[PDB]
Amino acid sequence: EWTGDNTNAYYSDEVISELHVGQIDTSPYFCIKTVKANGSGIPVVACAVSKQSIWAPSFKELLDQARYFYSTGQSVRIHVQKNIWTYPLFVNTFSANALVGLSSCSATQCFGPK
């Protein structure tokens, strides 16, 4: 598996605008929300769950990087894999997207797979 696989999805020129942390089924987790820097479109919601999904190993790295980008407000590309989380109240609160990568963007390009 790889962040860059074309079976994942991504959204460029987004800014992390909200951040949540909690626990589910003994697993710490966090979710983020991103919105287009230019105000268009609809928000992206993704979560990482510390001991769930193939993406479990990068939980801490993605949490630290999400916090960094959240506090700077900079434009990023968010990479997710859709339809991973299944608990209905959780999905309805947040989404089913697993968070699989974050890429800083310049005004012209984003530094990550495309």
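Residue indices: 1-based, along the sequence shown.
In this crystal structure, the stretch out of 23-31 and 50-58 whose C-alpha atoms carry the higher mean B factor is 50-58. For the pair 7-15 and 101-109, the record assigns the higher mean C-alpha temperature factor to 101-109. In the deposited entry, the Cα temperature factor of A37 sits in the middle third of values across the chain's modelled residues. Among the modelled residues of the chain, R67 sits in the lowest third by CA temperature factor in this PDB entry.
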